[PDB]
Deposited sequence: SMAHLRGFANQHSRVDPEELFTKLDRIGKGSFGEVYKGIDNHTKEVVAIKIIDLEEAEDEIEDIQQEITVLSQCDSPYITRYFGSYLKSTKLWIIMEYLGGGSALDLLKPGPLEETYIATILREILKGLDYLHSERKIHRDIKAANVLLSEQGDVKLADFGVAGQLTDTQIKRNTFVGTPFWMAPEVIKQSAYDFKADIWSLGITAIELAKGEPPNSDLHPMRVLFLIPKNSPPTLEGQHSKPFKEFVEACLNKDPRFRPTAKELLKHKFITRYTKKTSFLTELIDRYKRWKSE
C-alpha cells in the first residue's frame, strides 16, 4: 500500500525544476544522469528509479534515508527527491571525474595514486563507521572523484544501519568478488565487512580487476569462505602487500578499523594532496576524447 512513502518526497514535477541532460552512469536501482537545477543553474547528478520495475522498494527507501543522514565531504551529497507517478528522481552531488574504475580504463595506476585514493576512501569509511553505517558495496565503481580530485563514496543502495537493538547484520548483499566471507555465510557481521571489501578494492586498483576475476561469480561465492584469502601478487611494494594482507584476514576480529588503516605505513609513506589525482582525471579525458 506504500503508506507514508509519497509524504517524504516533493510531489512537484521534476521536469519543471530540473533540466535533464546526458546519462553519466548507473546506480543500484536506476540510471544516473547529468542535470542542472533551473533556479541555481548548478550542475547535479540525477538518479531516475522506476518504482514499478524496482517494486526492492525497502532498499530504495534505505538509500534515501542513509544519504539524508550523511553530512561529510567524503560522502556524495543529497539534495532531495521528487516523485512523478511511478518514477522517483533522486538529486545528488555532481562529480565530473567519474569513478576509480573509469580512471583505470586508460592504464595501470602508479602506487602514489593508489595510496592517495585508499587514504580518501578510508576517510569516508571512518565517517560512515562512526555513524554506525556499513556501505556493503565498496568497490572501485562506487568510489567517485570531483574534477578537483576529491574522493567520495557513492551508492548506498545496499547500505546497513547498526543500532543498540541490532548490533550486527546478517543480510546477504554486495557484489560477489568484493564480498566478505561472513557476509556470504550470513553470519552476524559489522563494519569489518567494508574493511575486507576495501582489501579487494586495493587489489582491484593495483590489477584493474578483483582477485579471481577469471572465475564465474557463483564459483567465487562458494570459494571465498572456504579458500585462503586473496593476496597482492607480482611487482608491488612490501608495505602495499602488507596493507592488503591486513584487510584480508578471514577472522574479522583481526581486520583493523578505518582509523587504524589511516596510520598504516603504505598510507603514510606518500603525502600527496588530493589535487594530485587530477592527473588521472586528465589522463581519462585525453583517453575518452
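In this chain, the deposited residues that lack C-alpha positions fall in the ranges 1-3, 59, 294.
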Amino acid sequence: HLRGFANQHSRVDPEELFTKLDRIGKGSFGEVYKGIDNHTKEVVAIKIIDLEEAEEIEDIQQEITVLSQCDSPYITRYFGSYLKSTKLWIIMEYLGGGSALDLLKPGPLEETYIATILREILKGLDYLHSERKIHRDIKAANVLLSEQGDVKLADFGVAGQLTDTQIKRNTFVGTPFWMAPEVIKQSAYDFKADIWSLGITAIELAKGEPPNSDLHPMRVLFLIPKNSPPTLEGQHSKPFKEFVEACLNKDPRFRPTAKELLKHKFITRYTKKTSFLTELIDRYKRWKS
From here on, numbers count along this sequence of modelled residues.
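As the entry records it, the average C-alpha temperature factor is higher for 62-70, out of 243-251 and 62-70. When the mean C-alpha temperature factors of 18-26 and 277-285 are read from the deposited coordinates, 18-26 comes out higher. The residue among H129, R77, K87, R136 whose C-alpha atom has the highest B-factor in the PDB entry is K87. Remark: of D164, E204, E110, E182, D164 shows the highest value [criterion: C-alpha B-factor in the PDB entry]. Among the modelled residues of the chain, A100 sits in the lowest third by CA temperature factor in this PDB entry. Ranked against the other modelled residues of its chain, the C-alpha B-factor of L153 as given in the entry falls in the lowest third. Residue-level temperature factors show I36 in the highest third of its chain, judged at the C-alpha atom.
When the modelled residues of the chain are ordered by C-alpha B-factor, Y82 sits in the highest third. When the modelled residues of the chain are ordered by their C-alpha B factor, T257 lands in the lowest third.
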